[PDB]
Each structure stands twice: as structure tokens, then as C-alpha cells.
């Protein structure tokens, strides 16, 4: 199973943690975006969208981190606890995965990427979207130890990658008590946490 990635990338880290949780060995292939390695014909043949993470598993090329997470659980999970069979349980997880992409990580990208990638001054209105997203996550976690069910799921793992990126970016997570509680627990229970944190510190080099 080939895995095209960089350690600093949040969506890559979500896959790293998920693979560790299911116990599937990845052939980790660094793909140097700053050198344009993802833009060369050899990579475009695998993933025409030229994004990381990309998985190539026995002929199957797959991208979108959250799709990769679910596929790894379905194929390699000795049990389905990270992504249970029940459609209702799956639906809550799926909702959280879309929240992670379209609300929470999107707010990260919209606020920090113009600063670190375009050298633009911080946009205080974009900052308010981060606050709104954390407020929602805080509500989702009211009375809950995990984000999308009774136990750790791929939704938690995706959210850990995102929230740890916020942590290294110096966002004050402590303001959101349920998020902080969930997050500090997640560090202790989530497979691959240490590797995720190493990657967050690599990402930090952009600040």
C-alpha cells in the first residue's frame, strides 16, 4: 500500500493515525510539493488532482483523506469499531467528517493559508469563522467523550489532525472546554499521535 504524503499536512496526518489505528503498514512515499513532484506526469497519472494524501492500494488509486480513512478501516480493520456497520452510526460519523472538512479545517485554511502562503496580513473576519467552528464542535461534544459515537472513530481521528494543526498555530483551544477535554484525551488514546505531533511541528516551520 503506497502512501504519498508530507508529514506536516493535516489531511496526510489523519491517514497516518488511521492506518496506525487499524494496523496496516504503509509504504510511505514523500511527495515534495515545493519541488513540484506532484505536478509531474508520473504523479498526475496516479492522481490527476495532484493532491496529497494519495493512496495506491493493489491498483486502486484513492485520494481525499477522509475517503482514505474510511477505506482503510473497511479493508484492514479487524473490527469495524472505527467505522461501524450500522448506517445510523455511520451517518453521524459522516456528518462529522464533512464538518471537519467544510467547517473546521476550512476555517483553518481561510485564516492561516493567506498569511503563511501569500504573506497577507491576518483577516479578523476570517478569524471569527474559526471561533464559530470551535463553538459548534464544543456543542457537539457536550456530554460526549468522543465526537461521533460511544468510542473513537475516524471522525475523532480527522478532528485530531485538524485541532492539532490549530494548536501549533497558537489558537487558544482552552476557551472551548468540551473541545479541550476531548482533545487532551484524544492525544492519549489516538494511535499515531506522536507522529501526528511531529508533523504539526514540521508544519509550524511555515509560521
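Numbering follows the first chain given and starts at 1.
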Original post:
Out of 34-42 and 161-169, which stretch has the higher average CA B-factor listed in the record?
Top reply: 34-42
Original post:
Can you tell me which stretch has the higher mean Cα B-factor, 65-73 or 134-142?
Top reply: 134-142
Subject >> Top residue by Cα temperature factor, when 104, 118, 93, 109 are compared in the entry >> reply: 118
Original post:
In terms of the CA temperature factor given in the entry, to which third of its chain does residue 97 belong: lowest, middle or highest?
Top reply: lowest
**OP:** Report the third (lowest, middle or highest) to which the CA temperature factor of residue 24 belongs, ranking only the modelled residues of the same chain.
**Re:** highest
Original post:
Going by what the PDB entry lists, where does residue 177 fall on CA B-factor within its chain: lowest, middle or highest third?
Top reply: highest
Original post:
Lowest, middle or highest third: where is residue 4 by C-alpha B factor in its chain?
Top reply: lowest
